[PDB]
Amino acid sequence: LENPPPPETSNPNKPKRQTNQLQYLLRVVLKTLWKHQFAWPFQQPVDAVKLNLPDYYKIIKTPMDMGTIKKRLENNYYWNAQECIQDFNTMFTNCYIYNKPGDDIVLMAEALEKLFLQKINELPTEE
């Protein structure tokens, strides 16, 4: 099986804006998670061919990763903050679906998710 192409990250047919909350999501939320010790397996799409994980894309049909999220924020792909938050949540839930509870990768995702939820509790004021 091939890897699928990565998720779309730039679409000039989508309207674009900068907002307080989107700026925060890139400069605080993504930045804080990206520098974490456990961020590295989540910084790009799961490379199922390289890892010899042939069944990954047989069950994960909405892949997501922080590299994709970063590029979506840099290319003004999201209009609403919640679209970006939803992508982070998809990334965590995919990990909790494919991997057994308590596995190393799940514990890594759970550490990142705890920090993510703290930072989302400090989302700044909307325009």
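In this text, rigid core is short for the largest set of C-alphas that superpose within 1.5 Å between two forms. When you see a residue number, it is the position in the sequence shown, counting from 1.
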query	finding
Farther-lying stretch by C-alpha RMS in 7 other deposited structures of this protein, rigid core as reference, of 36-44 and 73-81	73-81
RMS CA shift, core-fitted in 7 other deposited structures of this protein, bigger for 8-16 or for 104-112	8-16
Mean C-alpha B-factor comparison - 22-30 and 61-69, higher one	22-30
Selected stretch [higher average CA B-factor]: 31-39 or 79-87	31-39
Third assignment of residue 48 from its chain's C-alpha B-factors	middle
Residue 16, C-alpha B-factor rank within chain (lowest, middle or highest third)	middle
